[PDB]
file entry_15.pdb (PDB, C-alpha atoms and all ligand atoms)
ATOM      1  CA  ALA A   1      -5.873  -5.939  -4.927
ATOM      2  CA  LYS A   2      -2.216  -5.977  -4.010
ATOM      3  CA  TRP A   3       0.349  -3.249  -4.632
ATOM      4  CA  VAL A   4       4.071  -3.676  -4.252
ATOM      5  CA  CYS A   5       6.428  -1.088  -2.778
ATOM      6  CA  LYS A   6       8.961  -0.787  -5.590
ATOM      7  CA  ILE A   7      11.688   0.112  -3.130
ATOM      8  CA  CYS A   8      11.579  -2.785  -0.638
ATOM      9  CA  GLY A   9       9.189  -5.468  -1.832
ATOM     10  CA  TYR A  10       6.550  -4.910   0.844
ATOM     11  CA  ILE A  11       3.104  -5.904  -0.436
ATOM     12  CA  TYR A  12       0.181  -3.697   0.453
ATOM     13  CA  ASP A  13      -2.653  -6.146   0.371
ATOM     14  CA  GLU A  14      -5.971  -4.403   0.467
ATOM     15  CA  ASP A  15      -7.522  -7.367   2.228
ATOM     16  CA  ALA A  16      -5.034  -7.075   5.019
ATOM     17  CA  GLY A  17      -4.951  -3.285   5.315
ATOM     18  CA  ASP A  18      -2.282  -1.975   7.644
ATOM     19  CA  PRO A  19      -3.858  -1.977  11.157
ATOM     20  CA  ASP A  20      -0.702  -1.130  13.072
ATOM     21  CA  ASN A  21      -0.535   2.113  11.137
ATOM     22  CA  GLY A  22      -4.248   3.022  11.310
ATOM     23  CA  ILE A  23      -5.552   1.185   8.263
ATOM     24  CA  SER A  24      -8.303  -1.416   8.672
ATOM     25  CA  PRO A  25      -8.437  -4.543   6.509
ATOM     26  CA  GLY A  26     -10.355  -3.809   3.377
ATOM     27  CA  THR A  27      -8.940  -0.405   2.734
ATOM     28  CA  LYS A  28      -8.241   0.215  -0.972
ATOM     29  CA  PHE A  29      -4.849   1.557  -1.991
ATOM     30  CA  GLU A  30      -6.377   4.716  -3.350
ATOM     31  CA  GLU A  31      -8.175   5.424  -0.106
ATOM     32  CA  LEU A  32      -5.061   5.211   2.021
ATOM     33  CA  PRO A  33      -4.247   8.714   3.306
ATOM     34  CA  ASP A  34      -1.983  10.792   1.023
ATOM     35  CA  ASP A  35       0.752  10.693   3.594
ATOM     36  CA  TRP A  36       0.547   6.960   4.390
ATOM     37  CA  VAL A  37       3.864   5.333   3.717
ATOM     38  CA  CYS A  38       5.273   1.870   3.307
ATOM     39  CA  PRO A  39       5.390   0.398   6.873
ATOM     40  CA  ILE A  40       8.721  -1.131   6.104
ATOM     41  CA  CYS A  41      10.930   1.386   4.286
ATOM     42  CA  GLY A  42       8.990   4.672   4.600
ATOM     43  CA  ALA A  43       8.459   5.086   0.852
ATOM     44  CA  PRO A  44       5.558   7.402  -0.185
ATOM     45  CA  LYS A  45       2.511   6.036  -1.969
ATOM     46  CA  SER A  46       3.982   7.169  -5.295
ATOM     47  CA  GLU A  47       6.493   4.331  -5.127
ATOM     48  CA  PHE A  48       3.928   1.573  -5.091
ATOM     49  CA  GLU A  49       2.813  -0.300  -8.168
ATOM     50  CA  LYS A  50      -0.390  -2.298  -8.489
ATOM     51  CA  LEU A  51       0.066  -5.998  -9.203
ATOM     52  CA  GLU A  52      -2.198  -6.276 -12.187
ATOM     53  CA  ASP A  53      -1.470  -6.264 -15.860
TER
HETATM   54 FE    FE B   1       8.835  -0.171   1.097
END
call {"tool": "encode", "arguments": {"input": "entry_15.pdb", "output": "structure tokens"}}
result
Amino acid sequence: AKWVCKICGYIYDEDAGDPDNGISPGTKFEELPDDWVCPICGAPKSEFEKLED
């Protein structure tokens, strides 16, 4: 699934993960650590919104 950072537009794609910041491809958004943040703007997980209806 993909989740967008409502502040900057960054897209956390679960299939891509976030390797540079310790997240391997395939990591679900809910499993990301509670203090993981958007690699672009630094927003907390609370500011992301899943891209699903
Ligand atoms: Fe962001």
call {"tool": "residues_near_ligand", "arguments": {"input": "entry_15.pdb", "ligand": "ligand FE 1 (chain B)", "cutoff": "9 Å", "atoms": "only C-alpha atoms and all ligand atoms", "output": "PDB file with C-alpha atoms, in the frame of the given file"}}
result
ATOM      1  CA  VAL A   4       4.071  -3.676  -4.252  1.00  0.00           C
ATOM      2  CA  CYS A   5       6.428  -1.088  -2.778  1.00  0.00           C
ATOM      3  CA  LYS A   6       8.961  -0.787  -5.590  1.00  0.00           C
ATOM      4  CA  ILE A   7      11.688   0.112  -3.130  1.00  0.00           C
ATOM      5  CA  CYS A   8      11.579  -2.785  -0.638  1.00  0.00           C
ATOM      6  CA  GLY A   9       9.189  -5.468  -1.832  1.00  0.00           C
ATOM      7  CA  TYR A  10       6.550  -4.910   0.844  1.00  0.00           C
ATOM      8  CA  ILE A  11       3.104  -5.904  -0.436  1.00  0.00           C
ATOM      9  CA  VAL A  37       3.864   5.333   3.717  1.00  0.00           C
ATOM     10  CA  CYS A  38       5.273   1.870   3.307  1.00  0.00           C
ATOM     11  CA  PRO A  39       5.390   0.398   6.873  1.00  0.00           C
ATOM     12  CA  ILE A  40       8.721  -1.131   6.104  1.00  0.00           C
ATOM     13  CA  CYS A  41      10.930   1.386   4.286  1.00  0.00           C
ATOM     14  CA  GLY A  42       8.990   4.672   4.600  1.00  0.00           C
ATOM     15  CA  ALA A  43       8.459   5.086   0.852  1.00  0.00           C
ATOM     16  CA  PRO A  44       5.558   7.402  -0.185  1.00  0.00           C
ATOM     17  CA  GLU A  47       6.493   4.331  -5.127  1.00  0.00           C
ATOM     18  CA  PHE A  48       3.928   1.573  -5.091  1.00  0.00           C
TER      19      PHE A  48
END
call {"tool": "atom_distance", "arguments": {"input": "entry_15.pdb", "atom1": "CA of residue 33 in chain A", "atom2": "CA of residue 17 in chain A"}}
result
12.2 Å
call {"tool": "closest_residue", "arguments": {"input": "entry_15.pdb", "among": "A:3, A:36, A:29, A:12", "to": "residue 51 in chain A", "atoms": "all atoms listed in the file"}}
result
A:3
call {"tool": "closest_residue", "arguments": {"input": "entry_15.pdb", "among": "A:45, A:28, A:53, A:22", "to": "residue 1 in chain A", "atoms": "all atoms listed in the file"}}
result
A:28
call {"tool": "atom_distance", "arguments": {"input": "entry_15.pdb", "atom1": "CA of residue 46 in chain A", "atom2": "CA of residue 14 in chain A"}}
result
16.3 Å
call {"tool": "atom_distance", "arguments": {"input": "entry_15.pdb", "atom1": "CA of residue 27 in chain A", "atom2": "CA of residue 15 in chain A"}}
result
7.1 Å
